[PDB]
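Computation of the quantities below employed the complete heavy-atom set of this structure, encompassing side-chain atoms and omitting hydrogens, waters and symmetry-equivalent molecules. Lettering follows sequence order; numbering is per chain, from 1.
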Amino acid sequence: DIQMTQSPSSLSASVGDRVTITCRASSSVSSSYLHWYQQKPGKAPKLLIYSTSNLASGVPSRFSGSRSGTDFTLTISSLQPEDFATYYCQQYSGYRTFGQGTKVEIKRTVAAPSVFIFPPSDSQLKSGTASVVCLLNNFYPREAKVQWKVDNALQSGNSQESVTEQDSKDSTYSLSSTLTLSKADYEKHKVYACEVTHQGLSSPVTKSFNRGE
Amino acid sequence: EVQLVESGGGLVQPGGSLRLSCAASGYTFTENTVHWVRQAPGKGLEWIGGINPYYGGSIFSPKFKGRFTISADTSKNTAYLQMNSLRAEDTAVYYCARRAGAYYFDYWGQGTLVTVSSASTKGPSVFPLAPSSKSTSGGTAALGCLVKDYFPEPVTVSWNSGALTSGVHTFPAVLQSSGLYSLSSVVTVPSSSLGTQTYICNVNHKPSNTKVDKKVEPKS
C-alpha cells in the first residue's frame with residue numbers, strides 16, 4: 001500500500017513568511033489523485049487543494065500546490081494567523097492514504113496575559129469540594145508560570161492546568177489553572193491568590209480574594 | 001447547503017459493537033459515494049472505507065474489512081458504519097465525508113467521538129464562575145462555567161444558545177485523578193453590560209443525555 005511520508009511534522013513561522021510542506025509518495029501517484037486538506041483545531045478537515053495544483057473554492061491564492069517527481073509540495077506564500085492548522089496530504093489509488101500531518105505554528109510579538117481569579121461557587125461548596133480558577137487571557141509565548149499561594153503557603157500537586165490552541169486571529173494563548181481542595185480546607189484559610197510570571201510581565205502579577213468578601 | 005451529520009458516538013465497552021450513522025442533506029444522495037475516516041487522539045487521518053449508495057457496494061481498507069461494515073439507506077439519505085470487537089485503539093473521532101470529482105472529500109461532517117473503555121458513563125456538574133467586576137466598574141469582566149466530573153468525552157459548551165461566540169475560550173478537558181474529566185469555559189465581556197445582558201452557559205454531554213443551562217451572575 002502506497003504510503004505518504006509528510007515532512008516536517010511541525011514548523012513555526014512568522015506572519016508573512018513563505019512555508020512549504022512536502023509529502024513523498026512511496027510509489028507512483030497520479031497528479032489528479034493527490035489532494036491537500038486543512039484541519040483547524042476542533043473542526044473537520046477542509047479541502048484545500050485538489051489534483052496536485054487546483055485551489056478549492058473559497059481558498060486564498062497564497063496557497064498553491066506543486067509536484068516534482070514523487071515529491072508533492074504545498075506552499076503558503078504569505079503566512080497568515082488564520083492559517084494556524086494541521087495540513088494533510090491524501091492520495092488515491094482505489095484505497096486512500098493520508099500523510100501524517102504538519103502542524104503549522106505562528107510566531108508573534110510578546111503579549112502579557114490578563115489575569116482573573118474565580119472563587120468557588122456556593123453551589124459547588126454545598127457539594128463538598130471547592131475549585132478556585134485562575135485565568136490567563138491572550139498571551140504569548142505559551143511559557144508561563146502560575147503559582148497557587150494560600151496565605152503565602154505555596155501549594156504543590158493540587159492544581160491542574162489547561163491551555164488552548166493558538167487563536168486564529170491574534171495567535172495568542174489562554175490558560176486555566178484549577179486548584180482543588182476540600183470544603184473543610186477551603187474554610188480553614190482566608191486569602192487565596194495566584195501569582196503569574198510571564199515574559200510579558202516585568203514583575204510577577206498576583207490576583208487574590210479573601211474568602212468572605 | 002450540503003451537510004453531513006454523524007451520530008451514534010459515545011462509550012463502548014471493550015469487545016462491544018456500535019453503529020454510527022451519517023445523515024446527508026442538500027444534494028441527491030445517490031450521486032456521490034460516502035466514506036468514513038477516523039482520527040485517533042493526537043494522530044492523523046485514517047481511511048476506513050466507502051459505500052456507493054446507488055449500487056449498494058462498499059470498499060474497505062484491508063485492516064478493517066473483517067471487523068467493520070458499511071451500509072446505506074437511500075430512503076433516509078443515511079450511511080451507516082457498523083463496528084464490532086472494539087478495542088482501545090479504536091477510540092477516535094469518526095467523520096463521514098462525501099467523495100467528489102477526482103476522489104477528493106469535498107464535504108465533511110463534524111465527527112463523532114467513540115471511546116472504548118470499561119468505565120461508566122457520568123453526566124457533568126456545572127458551576128458558575130462569577131464575574132470579576134461589578135456592573136458599575138469599568139473595563140472588562142470575565143465570567144464562565146466550570147464543567148466537572150464527567151465521563152467520557154466530549155461536552156459541548158455554547159453561550160446564550162450560541163448567540164455569544166466572540167471572546168469565548170473553552171479549554172481542553174483535563175483528566176482528573178478520579179478518572180473523570182473537567183474543563184472550564186470562560187468569556188470576557190464589557191463589565192458595563194453585566195447589568196443589561198444575561199449570560200447563560202449551555203453544557204451538553206450527549207453520552208449521558210445531559211443538558212444543563214446555568215446562569216452566571218454577580219456573586220454574594
### Task
Select one option (side chain, backbone, both, neither) describing which atoms of A:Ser51 are under 4.5 Å from chain B's heavy atoms.
side chain
### Query
Under 4.5 Å, heavy atom to heavy atom, which residues of residues 177-185 of chain B contact chain A?
B:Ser184
### Message
Under a 4.5 Å cutoff for heavy-atom pairs, which residue among B:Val186, B:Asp106, B:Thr188 has the most contacts with chain A?
### Response
B:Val186
### Task
Output all residues satisfying salt bridge (charged side-chain N to carboxylate O under 4.0 Å, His left out) with A:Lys103, sequence neighbours left out; order by chain, then residue number.
A:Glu165
### Any B:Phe171 side-chain heavy atom under 4.5 Å of A:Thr164 side chain
yes
Determine all donor-acceptor pairs shorter than 3.5 Å in which one atom belongs to a side chain in residues 57-66 of chain A; sequence neighbours excluded.
{"from": "A:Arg62", "atom 1": "NE", "to": "A:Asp83", "atom 2": "OD2", "distance (Å)": "3.0"}
{"from": "A:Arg62", "atom 1": "NH2", "to": "A:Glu82", "atom 2": "OE2", "distance (Å)": "3.4"}
{"from": "A:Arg62", "atom 1": "NH2", "to": "A:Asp83", "atom 2": "OD1", "distance (Å)": "2.8"}
{"from": "A:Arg62", "atom 1": "NH2", "to": "A:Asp83", "atom 2": "OD2", "distance (Å)": "3.4"}

### Query
Do A:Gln90 and B:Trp47 have side-chain heavy atoms sitting under 4.5 Å apart?
no
### Query
Relative to chain A, which of B:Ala142, B:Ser125, B:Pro154 shows the most heavy atom pairs under 4.5 Å?
B:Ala142
### Query
For B:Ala102 and A:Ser32, which heavy atoms make the closest approach, and how far apart are they?
CB-O, 3.5 Å
### Nearest-0.5 Å distance, NE2 of residue A:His35 to CZ of residue B:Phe105
8.5 Å
### Task
Evaluate the side-chain proximity of B:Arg99 to A:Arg96: yes if any heavy-atom separation is below 4.5 Å, no if none is.
yes
### Beyond-backbone contact of A:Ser121 with B:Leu129, side-chain heavy atoms, under 4.5 angstrom
no
### Query
Does any heavy atom of chain A fall under 4.5 Å from the side chain of B:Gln176, the backbone, both, or neither of them?
both
### Task
Please report the closest heavy-atom contact between A:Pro120 and B:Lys219, naming both atoms and the distance.
O-CE, 4.3 Å
### Message
Is it the case that the side chains of B:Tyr103 and A:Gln91 hold a donor-acceptor pair, with the cut-off being a distance below 3.5 Å and no angle test?
### Response
no
### Query
Going by heavy atoms in the side chains, are B:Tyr95 and A:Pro45 under 4.5 Å from each other?
yes
#### Entry: Separation of B:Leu143 CG from A:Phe118 CZ (nearest 0.5 Å)
7.0 Å
### Query
Top residue by heavy-atom pair count (under 4.5 Å) with chain B, among A:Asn137, A:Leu34, A:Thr86, A:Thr178?
A:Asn137
### Query
Under 4.5 Å between any side-chain heavy atoms of A:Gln124 and B:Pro128, yes or no?
no
### Query
Do B:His169 and A:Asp167 meet the criterion of a side-chain donor-acceptor pair at a distance under 3.5 Å?
no
### Message
Within the structure provided, determine whether A:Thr129 and B:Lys148 are in side-chain contact (heavy-atom separation under 4.5 Å).
### Response
yes
### Task
Answer whether the closest heavy-atom distance between the side chains of B:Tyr107 and A:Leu47 falls below 4.5 Å.
no
## Note on the structure
Which of A:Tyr92, A:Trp36, A:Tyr50 passes ring pair (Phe, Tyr, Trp, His ring centres under 6.0 Å) with B:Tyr104? Answer is A:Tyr50
### Message
For A:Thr102, give me all partners under side-chain contact (heavy atoms from CB on, under 4.5 Å), at least two apart in sequence or on another chain.
### Response
A:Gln6, A:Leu11, A:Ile21, A:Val104
#### Entry: Exercise: identify the closest heavy-atom pair between A:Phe116 and B:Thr140
CE2-O, 4.2 Å
### Message
Let's test your reading of the structure: which of B:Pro172, B:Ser132, B:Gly101, B:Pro131 forms the most heavy-atom pairs below 4.5 Å with chain A?
### Response
B:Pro172
